[PDB]
$ cat model_2.txt   # compact mmCIF, N, CA, C and O atoms
# COMPACT_ATOMS: atom_id res chain seq x y z
N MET Q 708 -39.88 -39.27 -92.79
CA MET Q 708 -40.37 -40.04 -91.63
C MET Q 708 -39.85 -41.47 -91.66
O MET Q 708 -39.54 -42.01 -92.72
N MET Q 709 -39.73 -42.07 -90.48
CA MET Q 709 -39.26 -43.45 -90.35
C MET Q 709 -40.21 -44.41 -91.05
O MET Q 709 -41.42 -44.38 -90.82
N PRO Q 710 -39.68 -45.26 -91.94
CA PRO Q 710 -40.49 -46.27 -92.63
C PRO Q 710 -40.82 -47.45 -91.71
O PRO Q 710 -40.03 -48.37 -91.54
N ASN Q 711 -41.99 -47.38 -91.09
CA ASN Q 711 -42.41 -48.43 -90.17
C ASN Q 711 -43.27 -49.45 -90.89
O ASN Q 711 -44.40 -49.16 -91.28
N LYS Q 712 -42.71 -50.63 -91.11
CA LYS Q 712 -43.45 -51.72 -91.74
C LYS Q 712 -43.60 -52.86 -90.75
O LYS Q 712 -42.70 -53.67 -90.57
N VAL Q 713 -44.74 -52.89 -90.08
CA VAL Q 713 -45.00 -53.88 -89.04
C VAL Q 713 -45.83 -55.04 -89.60
O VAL Q 713 -46.47 -54.90 -90.64
N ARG Q 714 -45.79 -56.17 -88.91
CA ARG Q 714 -46.57 -57.34 -89.30
C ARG Q 714 -48.07 -57.08 -89.09
O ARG Q 714 -48.63 -57.36 -88.03
N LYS Q 715 -48.70 -56.50 -90.10
CA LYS Q 715 -50.11 -56.19 -90.05
C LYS Q 715 -50.93 -57.43 -90.42
O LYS Q 715 -51.50 -57.52 -91.51
N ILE Q 716 -50.97 -58.38 -89.50
CA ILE Q 716 -51.62 -59.66 -89.72
C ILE Q 716 -53.13 -59.48 -89.85
O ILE Q 716 -53.81 -60.25 -90.54
N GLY Q 717 -53.65 -58.45 -89.20
CA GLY Q 717 -55.08 -58.18 -89.24
C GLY Q 717 -55.59 -57.95 -90.65
O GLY Q 717 -56.73 -58.31 -90.97
N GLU Q 718 -54.75 -57.38 -91.50
CA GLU Q 718 -55.15 -57.10 -92.87
C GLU Q 718 -55.07 -58.36 -93.73
O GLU Q 718 -55.75 -58.45 -94.74
N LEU Q 719 -54.28 -59.34 -93.32
CA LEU Q 719 -54.27 -60.62 -94.01
C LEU Q 719 -55.62 -61.31 -93.81
O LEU Q 719 -56.12 -62.02 -94.68
N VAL Q 720 -56.21 -61.06 -92.65
CA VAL Q 720 -57.53 -61.59 -92.32
C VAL Q 720 -58.60 -60.90 -93.16
O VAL Q 720 -59.61 -61.50 -93.52
N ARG Q 721 -58.37 -59.62 -93.49
CA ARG Q 721 -59.32 -58.87 -94.30
C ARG Q 721 -59.38 -59.44 -95.72
O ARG Q 721 -60.40 -59.36 -96.40
N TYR Q 722 -58.27 -60.04 -96.15
CA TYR Q 722 -58.20 -60.63 -97.48
C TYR Q 722 -58.93 -61.96 -97.54
O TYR Q 722 -59.50 -62.31 -98.56
N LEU Q 723 -58.92 -62.70 -96.43
CA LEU Q 723 -59.71 -63.92 -96.34
C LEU Q 723 -61.19 -63.59 -96.51
O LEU Q 723 -61.96 -64.37 -97.07
N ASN Q 724 -61.55 -62.41 -96.05
CA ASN Q 724 -62.93 -61.92 -96.11
C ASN Q 724 -63.22 -61.28 -97.47
O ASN Q 724 -64.38 -61.10 -97.84
N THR Q 725 -62.17 -60.94 -98.21
CA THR Q 725 -62.33 -60.25 -99.48
C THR Q 725 -61.76 -61.08 -100.64
O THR Q 725 -62.50 -61.78 -101.34
N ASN Q 726 -60.45 -61.00 -100.82
CA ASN Q 726 -59.77 -61.71 -101.91
C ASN Q 726 -58.46 -62.30 -101.41
O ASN Q 726 -57.48 -61.59 -101.21
N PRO Q 727 -58.43 -63.63 -101.20
CA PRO Q 727 -57.25 -64.32 -100.68
C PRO Q 727 -56.04 -64.21 -101.61
O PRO Q 727 -54.91 -64.06 -101.15
N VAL Q 728 -56.30 -64.26 -102.91
CA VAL Q 728 -55.23 -64.20 -103.91
C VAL Q 728 -54.46 -62.89 -103.80
O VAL Q 728 -53.23 -62.88 -103.72
N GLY Q 729 -55.20 -61.79 -103.75
CA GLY Q 729 -54.59 -60.48 -103.64
C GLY Q 729 -53.83 -60.33 -102.33
O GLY Q 729 -52.82 -59.63 -102.28
N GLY Q 730 -54.32 -60.99 -101.29
CA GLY Q 730 -53.68 -60.93 -99.99
C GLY Q 730 -52.36 -61.67 -99.96
O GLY Q 730 -51.39 -61.20 -99.36
N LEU Q 731 -52.31 -62.82 -100.61
CA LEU Q 731 -51.09 -63.61 -100.68
C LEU Q 731 -50.04 -62.84 -101.49
O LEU Q 731 -48.86 -62.82 -101.13
N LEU Q 732 -50.49 -62.20 -102.56
CA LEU Q 732 -49.62 -61.35 -103.37
C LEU Q 732 -49.14 -60.15 -102.56
O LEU Q 732 -47.99 -59.73 -102.65
N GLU Q 733 -50.04 -59.61 -101.74
CA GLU Q 733 -49.77 -58.45 -100.92
C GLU Q 733 -48.73 -58.78 -99.85
O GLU Q 733 -47.76 -58.05 -99.67
N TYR Q 734 -48.94 -59.89 -99.16
CA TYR Q 734 -48.01 -60.34 -98.14
C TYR Q 734 -46.61 -60.50 -98.72
O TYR Q 734 -45.63 -60.02 -98.15
N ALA Q 735 -46.53 -61.18 -99.86
CA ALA Q 735 -45.25 -61.45 -100.49
C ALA Q 735 -44.58 -60.17 -100.97
O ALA Q 735 -43.40 -59.95 -100.72
N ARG Q 736 -45.36 -59.32 -101.63
CA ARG Q 736 -44.82 -58.09 -102.22
C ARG Q 736 -44.26 -57.17 -101.14
O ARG Q 736 -43.25 -56.49 -101.34
N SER Q 737 -44.90 -57.18 -99.98
CA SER Q 737 -44.50 -56.32 -98.87
C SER Q 737 -43.33 -56.93 -98.09
O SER Q 737 -42.57 -56.22 -97.44
N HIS Q 738 -43.18 -58.25 -98.18
CA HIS Q 738 -42.16 -58.95 -97.40
C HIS Q 738 -40.97 -59.36 -98.26
O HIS Q 738 -40.05 -60.02 -97.78
N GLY Q 739 -41.00 -58.99 -99.53
CA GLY Q 739 -39.88 -59.26 -100.41
C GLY Q 739 -39.86 -60.69 -100.92
O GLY Q 739 -38.83 -61.17 -101.38
N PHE Q 740 -40.99 -61.37 -100.83
CA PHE Q 740 -41.11 -62.71 -101.37
C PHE Q 740 -41.85 -62.69 -102.70
O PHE Q 740 -42.53 -61.71 -103.03
N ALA Q 741 -41.71 -63.75 -103.47
CA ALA Q 741 -42.45 -63.89 -104.71
C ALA Q 741 -43.57 -64.90 -104.54
O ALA Q 741 -43.38 -65.96 -103.95
N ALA Q 742 -44.74 -64.55 -105.04
CA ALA Q 742 -45.90 -65.42 -104.94
C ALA Q 742 -46.17 -66.12 -106.26
O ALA Q 742 -46.59 -65.49 -107.24
N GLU Q 743 -45.90 -67.41 -106.31
CA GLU Q 743 -46.08 -68.18 -107.52
C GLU Q 743 -47.16 -69.24 -107.35
O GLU Q 743 -47.01 -70.18 -106.57
N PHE Q 744 -48.25 -69.07 -108.07
CA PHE Q 744 -49.33 -70.04 -108.07
C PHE Q 744 -49.14 -71.01 -109.23
O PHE Q 744 -49.44 -70.68 -110.38
N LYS Q 745 -48.63 -72.19 -108.94
CA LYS Q 745 -48.38 -73.17 -109.98
C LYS Q 745 -49.28 -74.38 -109.80
O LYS Q 745 -49.74 -74.68 -108.69
N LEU Q 746 -49.51 -75.09 -110.89
CA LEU Q 746 -50.30 -76.30 -110.86
C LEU Q 746 -49.36 -77.50 -110.70
O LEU Q 746 -48.48 -77.71 -111.53
N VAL Q 747 -49.54 -78.25 -109.63
CA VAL Q 747 -48.67 -79.37 -109.33
C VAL Q 747 -49.06 -80.61 -110.12
O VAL Q 747 -48.23 -81.22 -110.80
N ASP Q 748 -50.33 -80.98 -110.04
CA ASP Q 748 -50.80 -82.21 -110.67
C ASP Q 748 -52.30 -82.12 -110.97
O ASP Q 748 -53.04 -81.42 -110.28
N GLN Q 749 -52.73 -82.83 -112.00
CA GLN Q 749 -54.12 -82.82 -112.42
C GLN Q 749 -54.65 -84.25 -112.50
O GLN Q 749 -54.59 -84.88 -113.56
N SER Q 750 -55.13 -84.76 -111.39
CA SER Q 750 -55.60 -86.14 -111.33
C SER Q 750 -57.00 -86.22 -110.75
O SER Q 750 -57.20 -86.18 -109.54
N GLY Q 751 -57.98 -86.34 -111.63
CA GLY Q 751 -59.36 -86.43 -111.21
C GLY Q 751 -60.26 -86.87 -112.34
O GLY Q 751 -59.90 -86.73 -113.50
N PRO Q 752 -61.44 -87.43 -112.02
CA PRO Q 752 -62.39 -87.90 -113.03
C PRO Q 752 -62.86 -86.76 -113.95
O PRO Q 752 -62.71 -85.59 -113.62
N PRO Q 753 -63.43 -87.10 -115.11
CA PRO Q 753 -63.88 -86.10 -116.09
C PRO Q 753 -64.95 -85.17 -115.54
O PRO Q 753 -65.03 -84.00 -115.91
N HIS Q 754 -65.77 -85.70 -114.63
CA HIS Q 754 -66.86 -84.92 -114.04
C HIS Q 754 -66.37 -84.14 -112.81
O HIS Q 754 -67.02 -83.19 -112.38
N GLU Q 755 -65.23 -84.54 -112.27
CA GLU Q 755 -64.65 -83.87 -111.12
C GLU Q 755 -63.14 -83.68 -111.30
O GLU Q 755 -62.35 -84.35 -110.63
N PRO Q 756 -62.73 -82.79 -112.21
CA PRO Q 756 -61.32 -82.54 -112.48
C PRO Q 756 -60.61 -81.97 -111.25
O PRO Q 756 -60.96 -80.90 -110.76
N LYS Q 757 -59.65 -82.72 -110.74
CA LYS Q 757 -58.95 -82.31 -109.53
C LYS Q 757 -57.64 -81.63 -109.87
O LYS Q 757 -56.74 -82.24 -110.44
N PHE Q 758 -57.54 -80.36 -109.53
CA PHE Q 758 -56.35 -79.58 -109.82
C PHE Q 758 -55.59 -79.30 -108.53
O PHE Q 758 -56.07 -78.59 -107.65
N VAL Q 759 -54.40 -79.88 -108.43
CA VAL Q 759 -53.55 -79.70 -107.27
C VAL Q 759 -52.71 -78.44 -107.44
O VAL Q 759 -51.83 -78.39 -108.29
N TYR Q 760 -53.00 -77.43 -106.64
CA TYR Q 760 -52.29 -76.16 -106.71
C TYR Q 760 -51.43 -75.96 -105.47
O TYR Q 760 -51.82 -76.33 -104.37
N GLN Q 761 -50.26 -75.36 -105.67
CA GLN Q 761 -49.36 -75.08 -104.57
C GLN Q 761 -48.81 -73.67 -104.71
O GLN Q 761 -48.42 -73.25 -105.80
N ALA Q 762 -48.79 -72.94 -103.60
CA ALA Q 762 -48.31 -71.57 -103.61
C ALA Q 762 -46.83 -71.52 -103.24
O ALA Q 762 -46.44 -71.84 -102.12
N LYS Q 763 -46.01 -71.15 -104.20
CA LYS Q 763 -44.59 -71.01 -103.97
C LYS Q 763 -44.27 -69.58 -103.57
O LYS Q 763 -44.24 -68.67 -104.41
N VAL Q 764 -44.07 -69.37 -102.28
CA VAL Q 764 -43.77 -68.05 -101.76
C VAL Q 764 -42.31 -67.97 -101.35
O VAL Q 764 -41.92 -68.46 -100.29
N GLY Q 765 -41.51 -67.36 -102.20
CA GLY Q 765 -40.09 -67.28 -101.96
C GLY Q 765 -39.41 -68.62 -102.13
O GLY Q 765 -39.40 -69.18 -103.23
N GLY Q 766 -38.88 -69.14 -101.04
CA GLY Q 766 -38.25 -70.45 -101.08
C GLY Q 766 -39.10 -71.50 -100.41
O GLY Q 766 -38.66 -72.64 -100.21
N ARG Q 767 -40.32 -71.13 -100.05
CA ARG Q 767 -41.24 -72.06 -99.40
C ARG Q 767 -42.36 -72.46 -100.35
O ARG Q 767 -42.79 -71.67 -101.20
N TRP Q 768 -42.82 -73.69 -100.21
CA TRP Q 768 -43.91 -74.21 -101.02
C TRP Q 768 -45.09 -74.56 -100.12
O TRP Q 768 -45.08 -75.61 -99.48
N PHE Q 769 -46.09 -73.69 -100.07
CA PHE Q 769 -47.22 -73.90 -99.17
C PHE Q 769 -48.36 -72.95 -99.51
O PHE Q 769 -48.14 -71.78 -99.81
N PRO Q 770 -49.61 -73.44 -99.47
CA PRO Q 770 -49.91 -74.84 -99.21
C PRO Q 770 -50.15 -75.61 -100.50
O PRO Q 770 -49.93 -75.10 -101.59
N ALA Q 771 -50.61 -76.85 -100.36
CA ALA Q 771 -50.96 -77.66 -101.51
C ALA Q 771 -52.42 -78.10 -101.41
O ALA Q 771 -52.78 -78.86 -100.52
N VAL Q 772 -53.25 -77.59 -102.30
CA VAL Q 772 -54.67 -77.87 -102.26
C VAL Q 772 -55.14 -78.49 -103.57
O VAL Q 772 -54.48 -78.35 -104.60
N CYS Q 773 -56.27 -79.17 -103.53
CA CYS Q 773 -56.84 -79.78 -104.72
C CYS Q 773 -58.27 -79.28 -104.92
O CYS Q 773 -59.18 -79.65 -104.18
N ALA Q 774 -58.45 -78.43 -105.92
CA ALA Q 774 -59.75 -77.83 -106.17
C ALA Q 774 -60.45 -78.49 -107.35
O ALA Q 774 -59.91 -79.41 -107.97
N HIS Q 775 -61.64 -78.00 -107.67
CA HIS Q 775 -62.44 -78.59 -108.75
C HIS Q 775 -62.18 -77.86 -110.06
O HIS Q 775 -62.69 -78.26 -111.10
N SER Q 776 -61.39 -76.80 -109.99
CA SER Q 776 -61.11 -75.98 -111.16
C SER Q 776 -59.86 -75.14 -110.94
O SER Q 776 -59.34 -75.06 -109.83
N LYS Q 777 -59.39 -74.50 -112.01
CA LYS Q 777 -58.14 -73.75 -112.00
C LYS Q 777 -58.26 -72.48 -111.15
O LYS Q 777 -57.42 -72.22 -110.28
N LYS Q 778 -59.30 -71.70 -111.41
CA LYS Q 778 -59.53 -70.45 -110.68
C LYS Q 778 -59.70 -70.73 -109.19
O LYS Q 778 -59.18 -70.01 -108.34
N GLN Q 779 -60.43 -71.81 -108.89
CA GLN Q 779 -60.60 -72.26 -107.51
C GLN Q 779 -59.25 -72.57 -106.86
O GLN Q 779 -58.98 -72.10 -105.76
N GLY Q 780 -58.42 -73.34 -107.57
CA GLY Q 780 -57.14 -73.77 -107.02
C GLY Q 780 -56.29 -72.62 -106.50
O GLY Q 780 -55.71 -72.71 -105.42
N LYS Q 781 -56.24 -71.54 -107.28
CA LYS Q 781 -55.49 -70.35 -106.88
C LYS Q 781 -56.02 -69.79 -105.57
O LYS Q 781 -55.26 -69.50 -104.65
N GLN Q 782 -57.34 -69.67 -105.49
CA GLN Q 782 -58.00 -69.07 -104.35
C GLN Q 782 -57.92 -69.96 -103.12
O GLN Q 782 -57.65 -69.48 -102.02
N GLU Q 783 -58.14 -71.26 -103.31
CA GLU Q 783 -58.07 -72.22 -102.21
C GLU Q 783 -56.67 -72.22 -101.59
O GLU Q 783 -56.52 -72.26 -100.37
N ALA Q 784 -55.66 -72.15 -102.45
CA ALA Q 784 -54.28 -72.11 -102.00
C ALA Q 784 -54.00 -70.82 -101.24
O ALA Q 784 -53.44 -70.84 -100.15
N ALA Q 785 -54.41 -69.70 -101.83
CA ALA Q 785 -54.17 -68.39 -101.23
C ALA Q 785 -54.89 -68.26 -99.89
O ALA Q 785 -54.33 -67.73 -98.93
N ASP Q 786 -56.13 -68.75 -99.83
CA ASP Q 786 -56.92 -68.73 -98.60
C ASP Q 786 -56.18 -69.45 -97.49
O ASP Q 786 -55.94 -68.90 -96.41
N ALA Q 787 -55.78 -70.68 -97.77
CA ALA Q 787 -55.07 -71.50 -96.80
C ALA Q 787 -53.72 -70.88 -96.46
O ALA Q 787 -53.29 -70.91 -95.30
N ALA Q 788 -53.05 -70.30 -97.46
CA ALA Q 788 -51.74 -69.70 -97.28
C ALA Q 788 -51.77 -68.57 -96.26
O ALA Q 788 -50.94 -68.52 -95.35
N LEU Q 789 -52.75 -67.67 -96.39
CA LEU Q 789 -52.88 -66.55 -95.47
C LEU Q 789 -53.15 -67.07 -94.07
O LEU Q 789 -52.61 -66.56 -93.09
N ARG Q 790 -53.97 -68.11 -94.00
CA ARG Q 790 -54.31 -68.73 -92.73
C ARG Q 790 -53.09 -69.36 -92.07
O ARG Q 790 -52.99 -69.39 -90.84
N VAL Q 791 -52.16 -69.85 -92.88
CA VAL Q 791 -50.88 -70.34 -92.37
C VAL Q 791 -50.12 -69.20 -91.72
O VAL Q 791 -49.72 -69.28 -90.56
N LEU Q 792 -49.96 -68.12 -92.48
CA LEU Q 792 -49.22 -66.94 -92.03
C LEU Q 792 -49.81 -66.38 -90.75
O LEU Q 792 -49.09 -66.15 -89.77
N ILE Q 793 -51.12 -66.18 -90.76
CA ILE Q 793 -51.84 -65.70 -89.58
C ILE Q 793 -51.63 -66.65 -88.40
O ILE Q 793 -51.26 -66.23 -87.31
N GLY Q 794 -51.84 -67.94 -88.65
CA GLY Q 794 -51.69 -68.94 -87.61
C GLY Q 794 -50.26 -69.02 -87.08
O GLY Q 794 -50.05 -69.35 -85.90
N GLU Q 795 -49.29 -68.74 -87.94
CA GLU Q 795 -47.89 -68.76 -87.54
C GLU Q 795 -47.59 -67.65 -86.55
O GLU Q 795 -46.80 -67.84 -85.63
N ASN Q 796 -48.22 -66.50 -86.74
CA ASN Q 796 -47.95 -65.33 -85.90
C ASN Q 796 -48.74 -65.39 -84.60
O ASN Q 796 -48.26 -64.93 -83.56
N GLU Q 797 -49.94 -65.94 -84.66
CA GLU Q 797 -50.77 -66.08 -83.47
C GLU Q 797 -50.11 -67.04 -82.48
O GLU Q 797 -49.85 -68.20 -82.81
N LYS Q 798 -49.86 -66.54 -81.26
CA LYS Q 798 -49.21 -67.32 -80.20
C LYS Q 798 -47.73 -67.55 -80.52
O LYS Q 798 -47.09 -68.43 -79.93
N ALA Q 799 -47.19 -66.75 -81.42
CA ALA Q 799 -45.81 -66.90 -81.83
C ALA Q 799 -44.87 -66.08 -80.96
O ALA Q 799 -45.23 -65.00 -80.49
N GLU Q 800 -43.68 -66.61 -80.77
CA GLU Q 800 -42.62 -65.91 -80.06
C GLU Q 800 -41.67 -65.30 -81.07
O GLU Q 800 -40.73 -64.58 -80.72
N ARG Q 801 -41.94 -65.57 -82.34
CA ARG Q 801 -41.12 -65.07 -83.43
C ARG Q 801 -41.93 -64.07 -84.25
O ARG Q 801 -43.09 -64.38 -84.58

$ encode --input "model_2.txt" --output "structure tokens"
Amino acid sequence: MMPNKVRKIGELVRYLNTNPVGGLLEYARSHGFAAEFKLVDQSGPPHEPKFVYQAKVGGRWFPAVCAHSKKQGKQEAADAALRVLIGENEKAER
């Protein structure tokens, strides 16, 4: 059968409702991109450690978020990342 791989943006929204990290990995894995969650910078007080995380998807670096912890940073980035992708397709001519 014909391999039909369409932009299933609706399921990216399901990941916002479930697990953003897995969704960002899913989007990349299906689109031939690599999803790299790296820590950019760590600048924050001892009581509020600020971790700047950025999602490197292929040759793009987006987004850049600053969370209160490492596990948070991954998720905050992935959440925003999917929302970028979704927002890019909504009202898009591309």

$ residues_around --input "model_2.txt" --residues "residue 731 (chain Q)" --least-positions-apart "3" --cutoff "8 Å" --atoms "all atoms listed in the file" --output "PyMOL selection string"
chain Q and resi 719+722-723+726-728+734-738+740-743+764+784-786+788-789

$ write_last_selection --input "model_2.txt" --atoms "N, CA, C and O atoms" --output "PDB file, keeping the file's coordinate frame"
ATOM      1  N   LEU Q 719     -54.280 -59.340 -93.320  1.00  0.00           N
ATOM      2  CA  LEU Q 719     -54.270 -60.620 -94.010  1.00  0.00           C
ATOM      3  C   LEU Q 719     -55.620 -61.310 -93.810  1.00  0.00           C
ATOM      4  O   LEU Q 719     -56.120 -62.020 -94.680  1.00  0.00           O
ATOM      5  N   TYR Q 722     -58.270 -60.040 -96.150  1.00  0.00           N
ATOM      6  CA  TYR Q 722     -58.200 -60.630 -97.480  1.00  0.00           C
ATOM      7  C   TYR Q 722     -58.930 -61.960 -97.540  1.00  0.00           C
ATOM      8  O   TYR Q 722     -59.500 -62.310 -98.560  1.00  0.00           O
ATOM      9  N   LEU Q 723     -58.920 -62.700 -96.430  1.00  0.00           N
ATOM     10  CA  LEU Q 723     -59.710 -63.920 -96.340  1.00  0.00           C
ATOM     11  C   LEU Q 723     -61.190 -63.590 -96.510  1.00  0.00           C
ATOM     12  O   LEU Q 723     -61.960 -64.370 -97.070  1.00  0.00           O
ATOM     13  N   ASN Q 726     -60.450 -61.000-100.820  1.00  0.00           N
ATOM     14  CA  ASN Q 726     -59.770 -61.710-101.910  1.00  0.00           C
ATOM     15  C   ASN Q 726     -58.460 -62.300-101.410  1.00  0.00           C
ATOM     16  O   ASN Q 726     -57.480 -61.590-101.210  1.00  0.00           O
ATOM     17  N   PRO Q 727     -58.430 -63.630-101.200  1.00  0.00           N
ATOM     18  CA  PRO Q 727     -57.250 -64.320-100.680  1.00  0.00           C
ATOM     19  C   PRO Q 727     -56.040 -64.210-101.610  1.00  0.00           C
ATOM     20  O   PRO Q 727     -54.910 -64.060-101.150  1.00  0.00           O
ATOM     21  N   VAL Q 728     -56.300 -64.260-102.910  1.00  0.00           N
ATOM     22  CA  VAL Q 728     -55.230 -64.200-103.910  1.00  0.00           C
ATOM     23  C   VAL Q 728     -54.460 -62.890-103.800  1.00  0.00           C
ATOM     24  O   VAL Q 728     -53.230 -62.880-103.720  1.00  0.00           O
ATOM     25  N   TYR Q 734     -48.940 -59.890 -99.160  1.00  0.00           N
ATOM     26  CA  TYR Q 734     -48.010 -60.340 -98.140  1.00  0.00           C
ATOM     27  C   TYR Q 734     -46.610 -60.500 -98.720  1.00  0.00           C
ATOM     28  O   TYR Q 734     -45.630 -60.020 -98.150  1.00  0.00           O
ATOM     29  N   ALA Q 735     -46.530 -61.180 -99.860  1.00  0.00           N
ATOM     30  CA  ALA Q 735     -45.250 -61.450-100.490  1.00  0.00           C
ATOM     31  C   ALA Q 735     -44.580 -60.170-100.970  1.00  0.00           C
ATOM     32  O   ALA Q 735     -43.400 -59.950-100.720  1.00  0.00           O
ATOM     33  N   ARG Q 736     -45.360 -59.320-101.630  1.00  0.00           N
ATOM     34  CA  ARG Q 736     -44.820 -58.090-102.220  1.00  0.00           C
ATOM     35  C   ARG Q 736     -44.260 -57.170-101.140  1.00  0.00           C
ATOM     36  O   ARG Q 736     -43.250 -56.490-101.340  1.00  0.00           O
ATOM     37  N   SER Q 737     -44.900 -57.180 -99.980  1.00  0.00           N
ATOM     38  CA  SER Q 737     -44.500 -56.320 -98.870  1.00  0.00           C
ATOM     39  C   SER Q 737     -43.330 -56.930 -98.090  1.00  0.00           C
ATOM     40  O   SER Q 737     -42.570 -56.220 -97.440  1.00  0.00           O
ATOM     41  N   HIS Q 738     -43.180 -58.250 -98.180  1.00  0.00           N
ATOM     42  CA  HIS Q 738     -42.160 -58.950 -97.400  1.00  0.00           C
ATOM     43  C   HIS Q 738     -40.970 -59.360 -98.260  1.00  0.00           C
ATOM     44  O   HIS Q 738     -40.050 -60.020 -97.780  1.00  0.00           O
ATOM     45  N   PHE Q 740     -40.990 -61.370-100.830  1.00  0.00           N
ATOM     46  CA  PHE Q 740     -41.110 -62.710-101.370  1.00  0.00           C
ATOM     47  C   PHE Q 740     -41.850 -62.690-102.700  1.00  0.00           C
ATOM     48  O   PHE Q 740     -42.530 -61.710-103.030  1.00  0.00           O
ATOM     49  N   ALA Q 741     -41.710 -63.750-103.470  1.00  0.00           N
ATOM     50  CA  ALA Q 741     -42.450 -63.890-104.710  1.00  0.00           C
ATOM     51  C   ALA Q 741     -43.570 -64.900-104.540  1.00  0.00           C
ATOM     52  O   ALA Q 741     -43.380 -65.960-103.950  1.00  0.00           O
ATOM     53  N   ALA Q 742     -44.740 -64.550-105.040  1.00  0.00           N
ATOM     54  CA  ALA Q 742     -45.900 -65.420-104.940  1.00  0.00           C
ATOM     55  C   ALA Q 742     -46.170 -66.120-106.260  1.00  0.00           C
ATOM     56  O   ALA Q 742     -46.590 -65.490-107.240  1.00  0.00           O
ATOM     57  N   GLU Q 743     -45.900 -67.410-106.310  1.00  0.00           N
ATOM     58  CA  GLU Q 743     -46.080 -68.180-107.520  1.00  0.00           C
ATOM     59  C   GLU Q 743     -47.160 -69.240-107.350  1.00  0.00           C
ATOM     60  O   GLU Q 743     -47.010 -70.180-106.570  1.00  0.00           O
ATOM     61  N   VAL Q 764     -44.070 -69.370-102.280  1.00  0.00           N
ATOM     62  CA  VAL Q 764     -43.770 -68.050-101.760  1.00  0.00           C
ATOM     63  C   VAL Q 764     -42.310 -67.970-101.350  1.00  0.00           C
ATOM     64  O   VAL Q 764     -41.920 -68.460-100.290  1.00  0.00           O
ATOM     65  N   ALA Q 784     -55.660 -72.150-102.450  1.00  0.00           N
ATOM     66  CA  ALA Q 784     -54.280 -72.110-102.000  1.00  0.00           C
ATOM     67  C   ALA Q 784     -54.000 -70.820-101.240  1.00  0.00           C
ATOM     68  O   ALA Q 784     -53.440 -70.840-100.150  1.00  0.00           O
ATOM     69  N   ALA Q 785     -54.410 -69.700-101.830  1.00  0.00           N
ATOM     70  CA  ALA Q 785     -54.170 -68.390-101.230  1.00  0.00           C
ATOM     71  C   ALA Q 785     -54.890 -68.260 -99.890  1.00  0.00           C
ATOM     72  O   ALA Q 785     -54.330 -67.730 -98.930  1.00  0.00           O
ATOM     73  N   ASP Q 786     -56.130 -68.750 -99.830  1.00  0.00           N
ATOM     74  CA  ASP Q 786     -56.920 -68.730 -98.600  1.00  0.00           C
ATOM     75  C   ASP Q 786     -56.180 -69.450 -97.490  1.00  0.00           C
ATOM     76  O   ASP Q 786     -55.940 -68.900 -96.410  1.00  0.00           O
ATOM     77  N   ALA Q 788     -53.050 -70.300 -97.460  1.00  0.00           N
ATOM     78  CA  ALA Q 788     -51.740 -69.700 -97.280  1.00  0.00           C
ATOM     79  C   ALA Q 788     -51.770 -68.570 -96.260  1.00  0.00           C
ATOM     80  O   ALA Q 788     -50.940 -68.520 -95.350  1.00  0.00           O
ATOM     81  N   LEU Q 789     -52.750 -67.670 -96.390  1.00  0.00           N
ATOM     82  CA  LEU Q 789     -52.880 -66.550 -95.470  1.00  0.00           C
ATOM     83  C   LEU Q 789     -53.150 -67.070 -94.070  1.00  0.00           C
ATOM     84  O   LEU Q 789     -52.610 -66.560 -93.090  1.00  0.00           O
TER      85      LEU Q 789
END

$ atom_distance --input "model_2.txt" --atom1 "atom C of residue 717 (chain Q)" --atom2 "atom C of residue 793 (chain Q)"
9.8 Å

$ select_by_dssp --input "model_2.txt" --residues "region 717-797 of chain Q" --states "alpha helix (DSSP H)" --output "ChimeraX atom specification"
/Q:717-724,727-738,777-796

$ residues_near_point --input "model_2.txt" --point "(-56.6, -77.4, -105.4)" --cutoff "7 Å" --atoms "only N, CA, C and O atoms" --output "list in words"
residues 757, 758, 759, 760, 761, 771, 772, 773, 774, 775, 776, 779, 780, 781, 783 and 784 of chain Q

$ closest_residue --input "model_2.txt" --among "Q:765, Q:770, Q:710, Q:794" --to "residue 745 (chain Q)" --atoms "only N, CA, C and O atoms"
Q:770

$ atom_distance --input "model_2.txt" --atom1 "CA of residue 720 (chain Q)" --atom2 "CA of residue 801 (chain Q)"
19.0 Å

$ closest_residue --input "model_2.txt" --among "Q:798, Q:792, Q:753, Q:766" --to "residue 714 (chain Q)" --atoms "only C-alpha atoms"
Q:792

$ atom_distance --input "model_2.txt" --atom1 "atom N of residue 751 (chain Q)" --atom2 "atom O of residue 778 (chain Q)"
16.7 Å

$ select_by_dssp --input "model_2.txt" --residues "chain Q" --states "strand (DSSP E)" --output "PyMOL selection string"
chain Q and resi 742-749+758-764+767-774

$ closest_residue --input "model_2.txt" --among "Q:708, Q:769, Q:763, Q:718" --to "residue 730 (chain Q)" --atoms "only N, CA, C and O atoms"
Q:718
